[PDB]
Peer 1: 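My structure is below; once you've seen it, I'll send some questions.
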Amino acid sequence: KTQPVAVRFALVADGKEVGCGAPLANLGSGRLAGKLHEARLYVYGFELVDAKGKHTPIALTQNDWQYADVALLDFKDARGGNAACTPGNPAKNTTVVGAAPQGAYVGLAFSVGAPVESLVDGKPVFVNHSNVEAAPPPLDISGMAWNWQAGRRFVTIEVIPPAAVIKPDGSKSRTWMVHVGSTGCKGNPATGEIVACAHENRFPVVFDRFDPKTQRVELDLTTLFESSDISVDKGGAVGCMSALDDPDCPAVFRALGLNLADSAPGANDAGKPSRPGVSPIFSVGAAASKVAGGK
Amino acid sequence: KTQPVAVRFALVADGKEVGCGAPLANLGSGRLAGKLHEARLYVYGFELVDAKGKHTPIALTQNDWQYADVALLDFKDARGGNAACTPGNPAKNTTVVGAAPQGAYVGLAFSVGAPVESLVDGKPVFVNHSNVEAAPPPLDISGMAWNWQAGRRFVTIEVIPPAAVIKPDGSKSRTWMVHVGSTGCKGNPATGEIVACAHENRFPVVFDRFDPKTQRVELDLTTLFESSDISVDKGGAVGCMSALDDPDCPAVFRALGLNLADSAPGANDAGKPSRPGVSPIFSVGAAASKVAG
Ligand SMILES: [Ca+2]
Ligand SMILES: [Ca+2]
Ligand SMILES: [Cu+2]
Ligand SMILES: [Cu+2]
């Protein structure tokens, strides 16, 4: 009936595979040498696409890193050292694993973020706005929780530039932070009431041609920070934390493929993809072949 | 010729074994439910003590967590979740492993912190004031470095109160931090100069009776934060980062068993142990237990 699926993800920067303690070269518009502090994101709704364009959902293996249809990617090593990834000291979780019905597939689709709810045994459960203290793994990572109302910062990428970050008032900060999460969220679920968010800030990613056995999904840090001066914060939270009045988020949300505010007056598309299925930071890359070799 | 040696460490709070994502109950002088953000420390100079009182050094296995005679303990889980430690998701590194000459031993002695130098193949290398960008593991962890001149913050324990920490001017930090390292350090080794520190802030820990196969060393977070209102900061860095004029550091250094400043004018003991060999936050407990000693 089923066949195992394994979708590998990779973090890249300046055209090389980074992650763990690897250095980050030529980051931002200033082309600075930065250190990776954190690179975590939730992904969900994984589907394989066949030649006739139909979408077959991947049943995710239920473990500590995957719950219902939601998986948590983390590109840092557990030690927190200054060495690049190795089998002994690897990135914490870079592969989504599961099963799909047997058959031939050609493409891949998935979504970036934490969905509002998901299904377990045909029954729904709150995901994005759940309690980080009560939610099962991997939704119990408070380092990725804002609060229930705001939901999770379901994309947390944090880099450390060589000369820190200068804020408008002049005070210096250590880390340039990219926190992607829902905004305009009204109603507090901690009070037991309903919550709805004006800007969801989730987006799908579609690859018409993707072979999991010889390819991987590459998250490009260079694209992410391309038009951002990571030695400077121009307003709001240091870096970008999804706020519409934050001057630094427009460049980031463009690199994400999301409309920060409305693209046009009355477009009503704030917090939605500007080209669904396409996100400039996500691309297909060659990967070590899982086709078992002889000899 | 030699025998394996494994010294188990455990983090406890409110008389319960904690670590990983176990909650910290009744923490601080306000006795709040806190969460562990980070619990790491360097330890060195491990020795076994026999009944006659002789000291036998333990040769540390060289790996990603132990270099020369220094080991790094890390009580957090790799995931960073809100679950207690389990065999499938355990704390990162809580056992000091090595070998010692075969013999009958009763006690244990070691020291907390990162030493200035240690011998590797009979030759000395700089440890505490090494370059975190260049040193070998486990000295390559920026999360425990200040700079070379200041050395490592060789004790890093960070707790999160239920609401944000409020600084004296009303602004808010998320974590209440304990960063123990040497202070009063002059000279910059980044530029080839000799460094000297007025306050070393390392201390020995001596247990007269410690059986490594049935017992463990317990670091008590309850004692560490007992006289610390972790919901506020009274000045300086948020929490205690060993500054002599930080109003929050006196209570912390008492719990550690260290003199922050001189005990009395002329005493010349600042940065030295208040009672060499005993630290209020360190005790012996049963090795396979859910409860503190
Ligand atoms: Ca900003
Ligand atoms: Ca303070
Ligand atoms: Cu944020
Ligand atoms: Cu500090």
Side-chain angles (χ1 to χ4, degrees), chain B residues 1-12 40-75 93-128 130 136-139 144 151-152 154-155 180-182 200-220 256-258 269 271-287 293:
Chain B
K1 183 65 185 55
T2 70
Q3 51 165 81
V5 172
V7 181
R8 278 182 299 288
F9 282 78
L11 211 63
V12 308
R40 296 187 287 201
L41 70 153
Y42 291 103
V43 282
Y44 71 99
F46 280 82
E47 301 174 333
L48 295 170
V49 202
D50 64 20
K52 302 315 161 255
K54 283 131 61 170
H55 294 64
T56 299
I58 294 167
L60 291 200
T61 305
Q62 308 286 292
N63 54 28
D64 283 329
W65 293 97
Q66 301 181 160
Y67 174 71
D69 69 333
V70 181
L72 173 66
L73 300 168
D74 193 335
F75 297 100
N93 194 67
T94 61
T95 306
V96 184
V97 291
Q102 218 283 323
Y105 308 100
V106 297
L108 174 77
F110 67 93
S111 311
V112 175
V116 176
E117 31 191 316
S118 302
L119 293 177
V120 172
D121 299 293
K123 306 186 72 183
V125 307
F126 280 127
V127 178
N128 194 35
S130 59
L139 292 323
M144 299 198 61
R152 303 299 192 285
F154 39 68
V155 175
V180 188
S182 316
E200 305 195 24
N201 291 330
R202 292 175 287 257
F203 53 100
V205 180
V206 173
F207 299 124
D208 296 339
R209 281 261 150 161
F210 182 90
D211 182 7
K213 286 184 178 287
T214 71
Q215 290 174 313
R216 63 175 178 200
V217 178
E218 294 186 343
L219 200 165
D220 188 12
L256 294 164
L258 280 164
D269 61 354
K272 295 280 190 294
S274 60
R275 184 146 69 94
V278 48
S279 147
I281 65 170
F282 281 106
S283 278
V284 177

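Lettering follows sequence order; numbering is per chain, from 1.
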Peer 1: Compare every heavy atom of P204(B) with every heavy atom of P273(B), then report the nearest pair and how far apart it is.
Peer 2: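 Residues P273(B) and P204(B), closest heavy atoms: CG-CD, 3.7 Å.
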Peer 1: If we ignore hydrogens and angles and just use 3.5 Å, is the side chain of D269(B) paired with the main-chain N or O of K272(B) as donor and acceptor?
Peer 2: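 Between the backbone of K272(B) and the side chain of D269(B) there is no qualifying donor-acceptor contact (under 3.5 Å).
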Peer 1: Show every ring-ring contact (aromatic ring centres under 6.0 Å, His included) that has at least one partner inside residues 47-72 of chain B, sequence neighbours left out.
Peer 2: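 Qualifying pairs, neighbours excluded: none.
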Peer 1: From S130(B) OG over to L139(B) CG, what is the distance, rounded to the nearest 0.5 angstrom?
Peer 2: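 Rounded to the nearest 0.5 Å, the OG-CG separation comes to 4.5 Å.
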Peer 1: Against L41(B), only a single residue in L72(B), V112(B), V180(B) fulfils side-chain contact (heavy atoms from CB on, under 4.5 Å); can you say which?
Peer 2: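 Of the listed residues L72(B), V112(B), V180(B), the side-chain contact (heavy atoms from CB on, under 4.5 Å) partner of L41(B) is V112(B).
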Peer 1: Kindly list each side-chain donor-acceptor pair under 3.5 angstrom involving residues 100-111 of chain B, sequence neighbours excluded, with atom names and distances?
Peer 2:
residue : atom : partner : partner atom : Å
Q102(B) : NE2  : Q3(B)   : OE1          : 3.4
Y105(B) : OH   : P101(B) : O            : 2.5

Peer 1: For a quick test of reading the model, state the closest non-hydrogen atom pair linking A6(B) to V97(B) and the distance between them.
Peer 2: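 Shortest heavy-atom separation between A6(B) and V97(B) comes out as CB-CG1, 4.2 Å.
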Peer 1: Is it true that a side-chain atom of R275(B) and a backbone atom of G257(B) form a donor plus acceptor pair closer than 3.5 Å?
Peer 2: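 Not a single qualifying donor-acceptor pair exists.
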Peer 1: Among residues at least two apart in sequence or on other chains, which ones pass side-chain hydrogen bond (donor to acceptor under 3.5 Å, both in side chains) with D69(B)?
Peer 2: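 For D69(B) the side-chain hydrogen bond (donor to acceptor under 3.5 Å, both in side chains) partners, ignoring immediate neighbours, are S118(B).
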Peer 1: Nearest 0.5 angstrom please: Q66(B) CD to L60(B) CG, how far?
Peer 2: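 Answer rounded to 0.5 Å: 4.5 Å.
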Peer 1: Measure the spacing between CD of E200(B) and CZ of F154(B) and express it to the nearest 0.5 Å.
Peer 2: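 Rounded to the nearest 0.5 Å, the CD-CZ separation comes out at 8.5 Å.
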Peer 1: To the nearest 0.5 Å, what is the distance between OH (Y42(B)) and CG (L73(B))?
Peer 2: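 Reported value, rounded in 0.5 Å steps: 11.0 Å.
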Peer 1: Please output the side-chain donor-acceptor pairs of residues 45-53 of chain B that fall under 3.5 Å, not counting sequence neighbours, one pair per line with the distance.
Peer 2:
residue : atom : partner : partner atom : Å
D50(B)  : OD1  : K52(B)  : N            : 3.0
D50(B)  : OD1  : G53(B)  : N            : 2.8
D50(B)  : OD1  : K54(B)  : N            : 2.7

Peer 1: Going from CG on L258(B) to OG on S279(B), what distance comes out if it is rounded to the nearest 0.5 angstrom?
Peer 2: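 Result: 7.5 Å between the selected atoms.
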Peer 1: With sequence neighbours excluded, tell me which residues meet side chain to side chain contact (heavy atoms under 4.5 Å, CB included) with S283(B).
Peer 2: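 For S283(B), no residue satisfies side chain to side chain contact (heavy atoms under 4.5 Å, CB included) once neighbours in sequence are set aside.
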Peer 1: Should the ring pair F282(B) and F203(B) be called parallel, tilted or perpendicular, given that the plane angle runs from 0 to 90° and is split at 30 and 60?
Peer 2: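 Tilted: the ring planes of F282(B) and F203(B) meet at 30° to 60°.
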Peer 1: Measure the spacing between CZ of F9(B) and OG1 of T95(B) and express it to the nearest 0.5 Å.
Peer 2: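 One finds 9.0 Å between CZ of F9(B) and OG1 of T95(B).
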Peer 1: Please list all pairs passing the salt bridge (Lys or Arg N to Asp or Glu O under 4.0 Å) test where one or both residues lie in residues 204-216 of chain B, with sequence neighbours left out.
Peer 2: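 Output for this query lists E17(B)-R216(B), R216(B)-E218(B).
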Peer 1: Is there a side-chain contact between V278(B) and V206(B), using heavy atoms and a 4.5 Å cut-off?
Peer 2: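 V278(B) does not reach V206(B) side chain to side chain.
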Peer 1: When you measure from the side chain of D74(B) to the backbone of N93(B), do you find a donor-acceptor pair of N or O atoms at a distance under 3.5 Å?
Peer 2: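 Pair absent, no side-chain N/O of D74(B) close to backbone of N93(B).
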Peer 1: Closest heavy-atom contact between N128(B) and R202(B)?
Peer 2: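 Nearest pair, atom of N128(B) first, then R202(B): ND2-NH1, 3.9 Å.
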Peer 1: Can you give me the closest heavy-atom contact between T214(B) and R8(B), atom names plus distance?
Peer 2: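 Minimum heavy-atom contact is N-NH2, 3.9 Å.
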Peer 1: Any sub-3.5 Å donor-acceptor pair from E117(B)'s side-chain atoms to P115(B)'s backbone N or O?
Peer 2: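 Such a contact is absent between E117(B) side chain and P115(B) backbone.
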